[PDB]
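Presented below is the structure to which this report refers.
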Amino acid sequence: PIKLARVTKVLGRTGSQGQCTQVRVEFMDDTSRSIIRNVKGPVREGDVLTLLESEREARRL
Amino acid sequence: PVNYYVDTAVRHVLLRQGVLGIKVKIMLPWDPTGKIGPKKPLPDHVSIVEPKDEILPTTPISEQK
Amino acid sequence: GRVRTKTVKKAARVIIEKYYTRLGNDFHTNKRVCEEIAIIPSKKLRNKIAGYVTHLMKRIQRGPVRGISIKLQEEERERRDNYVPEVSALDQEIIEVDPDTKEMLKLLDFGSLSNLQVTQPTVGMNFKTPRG
Amino acid sequence: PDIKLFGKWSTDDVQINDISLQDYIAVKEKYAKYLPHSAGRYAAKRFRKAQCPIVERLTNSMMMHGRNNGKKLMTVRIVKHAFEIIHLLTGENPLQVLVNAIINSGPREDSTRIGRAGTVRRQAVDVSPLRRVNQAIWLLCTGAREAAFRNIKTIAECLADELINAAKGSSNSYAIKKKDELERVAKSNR
RNA sequence: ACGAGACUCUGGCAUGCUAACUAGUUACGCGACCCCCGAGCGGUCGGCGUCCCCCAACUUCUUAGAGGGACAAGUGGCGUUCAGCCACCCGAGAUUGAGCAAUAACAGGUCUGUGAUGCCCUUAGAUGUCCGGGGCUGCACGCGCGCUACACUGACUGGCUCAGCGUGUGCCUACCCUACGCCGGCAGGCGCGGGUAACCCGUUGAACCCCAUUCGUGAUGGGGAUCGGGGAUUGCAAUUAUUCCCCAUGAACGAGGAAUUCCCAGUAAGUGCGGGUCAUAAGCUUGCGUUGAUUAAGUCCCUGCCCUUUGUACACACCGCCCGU
Ligand SMILES: [Mg+2]
Ligand SMILES: [Mg+2]
Ligand SMILES: [Mg+2]
Ligand SMILES: [Mg+2]
Ligand SMILES: [Mg+2]
Ligand SMILES: [Mg+2]
Ligand SMILES: [Mg+2]
Ligand SMILES: [Mg+2]
Ligand SMILES: [Mg+2]
Ligand SMILES: [Mg+2]
Ligand SMILES: [Mg+2]
Ligand SMILES: [Mg+2]
Ligand SMILES: [Mg+2]
Ligand SMILES: [Mg+2]
Ligand SMILES: [Mg+2]
Ligand SMILES: [Mg+2]
Ligand SMILES: [Mg+2]
Ligand SMILES: [Mg+2]
Ligand SMILES: [Mg+2]
Ligand SMILES: [Mg+2]
Ligand SMILES: [Mg+2]
Ligand SMILES: [Mg+2]
Ligand SMILES: [Mg+2]
Ligand SMILES: [Mg+2]
Ligand SMILES: [Mg+2]
Ligand SMILES: [Mg+2]
Ligand SMILES: [Mg+2]
Ligand SMILES: [Mg+2]
């Protein structure tokens with residue numbers, strides 16, 4: 001299923017050239033839930049991300 | 001400040017085996033008058049004056065003259 | 001970046017040292033005082049010096065600064081430093097001592113003190129950090 | 001007073017069905033303008049182009065290629081004609097069609113490359129809403145541009161067809177094909 | 001202490017100051033035209049007075065002088081609560097763009113810029129210096145900087161409507177910028193005036209752009225190479241076509257392999273206009289405007305350059321040193 005998540009805190013810049021951004025995201029359906037995600041493109045705190053597959057987690061720096 | 005604080009001169013002298021070149025640079029001193037130096041100071045030189053002595057007031061005194 | 005070069009900082013510190021009374025927290029009054037007292041051949045340099053003087057004055061009002069010290073501030077710190085309690089903190093009606101301390105006092109013919117109270121020493125001798 | 005794009009397209013009835021993209025599409029009351037031409041300074045600061053109305057963003061992105069750089073009045077005319085054609089074909093507000101097309105065209109999961117000049121390996125990542133809007137507009141403009149080239153068909157008609165197909169969700173559009181391929185590659189790079 | 005910053009020029013703000021017939025505005029008179037259904041304290045006027053005997057005021061717009069103005073100053077966060085960073089209010093502006101630029105070096109370029117210059121060589125059958133004619137451009141082929149295109153977001157034919165930076169009659173020195181009238185279809189030719197210049201060209205009627213017309217995916221009315229025949233200007237001289245104009249001819253080219261360049265806001269790109277060269281003269285360069293974006297507010301992956309640690313049998317410094325046939 002497709003899920004929506006809210007960006008709580010921006011963590012850092014990842015990638016070979018720094019193209020990706022590592023952030024912390026909390027699910028809308030369950031406010032207790034929180035994971036770490038890699039986002040492509042400009043992103044700031046409060047943005048809403050559409051997770052097609054919400055089980056994957058990213059290796060934080 | 002190089003334009004008005006530095007005086008430059010380039011000369012050539014012919015010696016037996018060829019030409020020698022001479023370069024001379026002189027940095028002028030600051031002079032309030034324009035006789036032997038630039039009138040204006042260097043841009044980054046700040047001169048803060050020493051405060052004068054002030055008598056500490058003790059009792060209100062009214063002087064009429 | 002907005003880092004101030006050492007020229008601005010040195011001029012501001014000297015101005016605050018010499019004319020602390022005339023300055024305040026207003027940038028415009030400070031910049032009017034600076035041109036009165038100091039010789040700055042530039043308008044932008046004067047504005048930078050005044051803007052640092054205002055920040056430094058606010059910092060001084062918050063508390064002491066690591067750098068300059070004002071004569072009035074030093075004199076007031078002397079008054080704050082002559083603070084004296086009504087009673088001495090050394091005065092105690094009962095002072096607890098170990099038996100070895102009492103023996104040391106006795107060897108100096110001071111075993112007749114009434115303020116002394118002998119406390120039981122710790123039973124176990126374990127005062128070292130566990131090596132590992 | 002009521003402000004309508006080109007004097008005839010109202011903005012009150014338009015509504016956005018995506019919660020994520022609500023903060024990055026500017027079509028609503030305070031972003032309602034008469035024309036998609038404001039000479040604004042939106043590129044001065046980061047994230048400031050999210051306040052630019054979406055019609056003006058389409059107009060800006062339609063000034064390609066280099067033979068059409070700076071010709072923004074022709075682009076405004078093209079957008080006006082395309083909206084007229086869309087209203088005639090579908091019968092609904094062209095602004096709603098544009099919003100639906102931009103929502104449907106934006107990829108949701110992408111793949112980031114780790115490439116030694118010849119061989120490339122990739123890993124799946126997420127796409128921020130602003131990049132989704134940017135890529136949707138770029139894909140729509142590219143599809144219209146490639147459709148109009150070397151063909152007896154006005155650029156306005158091709159743009160209208162591209163927008164209608166993208167809003168409908170049909171695979172006949174360039175943007176939907178590109179989005180599907182990008183998402184398939186991202187899925188396979190998990 | 002030098003470099004960096006500071007500094008100088010430049011671009012943005014001032015209805016506050018100074019003051020202007022080689023800049024204007026407004027107002028008032030005269031005049032031309034339109035509406036006699038509203039004729040008016042009416043509209044348009046880059047049409048004429050209002051300084052010079054007397055017949056208006058004033059710098060908003062134009063010029064350029066003196067000063068002001070912005071300092072991370074105010075607020076909220078994050079920071080050792082420091083140095084400083086992020087966001088926001090107010091504000092013309094919260095990072096305009098250039099110039100100058102240290103200690104030390106390179107066998108970097110320049111003797112073809114110099115009456116800068118040391119040594120060689122030549123000097124009357126000249127390597128001096130003039131004159132005449134050629135060459136520097138010669139074409140089986142490779143390599144760079146560029147211009148024009150491959151069209152319909154186009155081409156063609158009309159109509160409408162907007163700039164800025166600058167130059168202009170020259171010691172020798174011959175060669176300036178051009179308004180207006182007539183002739184020619186055009187390149188041009190005749191007259192007759194202004195300007196040594198905020199005075200004249202000039203209100204620099206620029207091009208893209210805008211509004212209509214024709215064409216209709218056809219190497220086509222896209223593209224304009226290569227050629228034929230005529231006409232005219234500069235020159236003492238145009239052939240190996242100086243340049244320009246007119247008919248005719250109508251090539252490759254349908255977006256470009258490996259590889260590779262430049263760029264973060266009035267920027268990239270599109271589009272014209274000045275200056276240099278210039279008797280004749282821009283596909284180059286150096287500047288100026290006009291239309292005007294996509295993307296990014298990061299990193300050390302590629303490339304390169306700096307630091308710290310570390311190893312060295314290198315010091316002409318890895319293009320090194322060095323071993324054995
Ligand atoms: Mg077409
Ligand atoms: Mg004025
Ligand atoms: Mg050499
Ligand atoms: Mg030389
Ligand atoms: Mg020589
Ligand atoms: Mg020589
Ligand atoms: Mg030469
Ligand atoms: Mg001869
Ligand atoms: Mg000859
Ligand atoms: Mg040659
Ligand atoms: Mg070159
Ligand atoms: Mg080229
Ligand atoms: Mg060029
Ligand atoms: Mg056109
Ligand atoms: Mg043609
Ligand atoms: Mg025609
Ligand atoms: Mg035309
Ligand atoms: Mg043809
Ligand atoms: Mg043809
Ligand atoms: Mg001929
Ligand atoms: Mg020849
Ligand atoms: Mg022809
Ligand atoms: Mg040019
Ligand atoms: Mg020329
Ligand atoms: Mg050349
Ligand atoms: Mg690197
Ligand atoms: Mg070793
Ligand atoms: Mg060593």
Side-chain angles (χ1 to χ4, degrees), chain A residues 12-21 41-42 44, chain B residues 1-6 10-21 27 40 42-46, chain C residues 1-9 12 25-28 30-31 34 40-56 58-59 62-63 65-67, chain D residues 37 39-49 56-57 59-78 81 113-117 130-131 134-135 137-138 141-142 144-145 148-156 158-159:
Chain A
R13 282 280 189 164
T14 77
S16 53
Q17 297 86 15
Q19 63 277 8
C20 299
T21 306
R44 57 180 170 186
Chain B
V2 187
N3 299 328
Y4 51 89
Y5 257 102
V6 180
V10 177
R11 284 297 186 266
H12 312 257
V13 45
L14 177 60
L15 304 177
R16 183 185 66 260
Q17 66 282 353
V19 182
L20 241 63
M27 189 176 182
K40 67 178 70 67
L42 288 168
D44 50 359
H45 177 252
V46 183
Chain C
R2 301 259 192 166
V3 195
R4 284 91 138 182
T5 318
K6 77 180 94 67
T7 299
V8 178
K9 289 194 175 68
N25 300 332
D26 191 20
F27 161 73
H28 305 263
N30 289 336
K31 84 182 179 185
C34 287
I40 301 101
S42 303
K43 175 184 292 183
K44 178 177 300 180
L45 191 67
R46 180 203 68 179
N47 294 341
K48 290 182 176 300
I49 292 175
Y52 194 68
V53 163
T54 295
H55 177 95
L56 218 53
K58 292 186 58 184
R59 188 170 179 174
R62 191 269 168 186
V65 73
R66 298 200 195 100
Chain D
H37 190 293
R41 296 169 284 179
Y42 300 106
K45 192 176 297 298
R46 194 189 187 193
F47 288 111
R48 187 178 285 185
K49 62 184 177 185
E56 192 171 341
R57 289 181 56 96
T59 288
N60 288 333
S61 181
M62 206 66 182
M63 292 186 298
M64 301 185 184
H65 290 142
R67 68 163 175 176
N68 304 313
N69 291 158
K71 302 181 181 176
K72 200 176 181 183
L73 301 183
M74 176 173 58
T75 304
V76 171
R77 178 210 71 195
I78 293 169
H81 291 354
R113 54 203 289 189
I114 304 178
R116 289 136 180 84
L130 184 53
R131 183 174 177 87
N134 296 340
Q135 202 165 6
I137 297 182
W138 189 92
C141 291
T142 298
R145 202 189 331 279
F149 193 77
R150 282 180 61 96
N151 183 25
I152 174 171
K153 191 176 182 182
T154 311
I155 176 66
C158 301
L159 180 62

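Per chain, numbering begins at 1; letters A, B, ... match sequence-line order. All heavy atoms count here, side chains included; hydrogens, waters and symmetry mates do not.
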Classify the nucleic acid contact of [X] as base, sugar-phosphate or nothing, counting any heavy atom under 4.0 Å across all strands shown.
| X | result |
| --- | --- |
| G15(A) | nothing |
| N3(B) | nothing |
| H55(C) | sugar-phosphate |
| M74(D) | base |
| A43(D) | base |
| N60(D) | sugar-phosphate |
| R59(C) | sugar-phosphate |
| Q17(B) | sugar-phosphate |
| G18(A) | sugar-phosphate |
| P42(A) | sugar-phosphate |
| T21(A) | nothing |
| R11(B) | nothing |
| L14(B) | sugar-phosphate |
| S42(C) | sugar-phosphate |

Which nucleotide, [options], lies nearest any side-chain atom of [X]?
| X | options | value |
| --- | --- | --- |
| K72(D) | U153(E), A293(E), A94(E) | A293(E) |
| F149(D) | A151(E), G74(E), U153(E) | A151(E) |
| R145(D) | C88(E), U295(E), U153(E) | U153(E) |
| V3(C) | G216(E), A83(E), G5(E) | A83(E) |
| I155(D) | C71(E), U153(E), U295(E) | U153(E) |
| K48(C) | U75(E), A72(E), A296(E) | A72(E) |
| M64(D) | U294(E), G292(E), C7(E) | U294(E) |
| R67(D) | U295(E), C301(E), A151(E) | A151(E) |
| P43(B) | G298(E), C7(E), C208(E) | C7(E) |

What I want to check is whether [N] forms a Watson-Crick or wobble pair with [M], both distances being under 3.5 Å.
| N | M | answer |
| --- | --- | --- |
| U50(E) | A27(E) | yes |
| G47(E) | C30(E) | yes |
| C253(E) | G222(E) | yes |
| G224(E) | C119(E) | no |
| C273(E) | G287(E) | yes |
| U290(E) | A198(E) | no |
| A232(E) | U243(E) | yes |
| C160(E) | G298(E) | no |
| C45(E) | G292(E) | no |
| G266(E) | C9(E) | no |

Quantified in whole Å, what is the [atom1] atom distance between nucleotide [N] and nucleotide [M]?
| N | M | atom1 | result |
| --- | --- | --- | --- |
| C208(E) | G272(E) | P | 7 Å |
| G229(E) | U242(E) | P | 15 Å |
| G128(E) | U122(E) | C1' | 10 Å |
| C58(E) | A20(E) | P | 11 Å |

Syn/anti state of [N] by chi, 90° boundary around 0:
| N | answer |
| --- | --- |
| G205(E) | syn |
| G221(E) | syn |
| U173(E) | syn |
| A14(E) | syn |
| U239(E) | anti |

Is it true that the neighbouring bases [N] and [M] have six-membered rings whose centres sit under 5.5 Å apart and whose planes meet at under 30°?
| N | M | answer |
| --- | --- | --- |
| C306(E) | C307(E) | yes |
| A238(E) | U239(E) | no |
| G29(E) | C30(E) | yes |

Can a side chain N or O of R46(D) be found less than 4.0 Å away from OP1 or OP2 on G298(E)?
yes
Which is it for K49(D) and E56(D) under the salt bridge (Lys or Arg N to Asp or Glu O under 4.0 Å) test, yes or no, and what are the steps along the way?
CA-CA 10 Å; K49(D) 62 184 177 185; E56(D) 192 171 341; over 6 Å; no
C1'-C2'-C3'-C4' for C89(E): north (positive) or south (negative)?
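It's north.
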North or south: where does the sugar of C36(E) fall when you read the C1'-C2'-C3'-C4' torsion?
south
Can you check the [X] [atom1] to [N] [atom2] distance for me, whole Å?
| X | N | atom1 | atom2 | answer |
| --- | --- | --- | --- | --- |
| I114(D) | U299(E) | CD1 | P | 17 Å |
| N47(C) | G93(E) | CG | P | 19 Å |
| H81(D) | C152(E) | NE2 | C1' | 14 Å |
| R41(D) | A94(E) | CZ | P | 8 Å |
| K44(C) | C71(E) | NZ | P | 6 Å |
| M63(D) | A265(E) | CE | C1' | 13 Å |
| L73(D) | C162(E) | CG | P | 16 Å |
| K153(D) | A151(E) | NZ | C1' | 19 Å |

Keeping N30(C) on the side-chain end and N25(C) on the backbone end, is there a donor-acceptor pair under 3.5 Å?
no
Do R4(C) side-chain atoms and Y52(C) backbone N/O form a donor-acceptor pair below 3.5 Å?
no
Greater than 12 external heavy atoms within 6.0 Å of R46(D)'s CZ
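More than 12 heavy atoms, drawn from other residues, nucleotides or ligands, come within 6.0 Å of this atom.
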Between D44(B) and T7(C), do the side chains contain an N or O donor and an N or O acceptor separated by less than 3.5 Å?
no
Its contact letters, B for base, S for sugar-phosphate only and - for none at protein heavy atoms under 4.0 Å, make nucleotides 98-113 of chain E read ----------------
Heavy-atom closest contact (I78(D) atom, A156(D) atom, distance):
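Smallest interatomic distance, heavy atoms only, reads O-CB, 3.9 Å.
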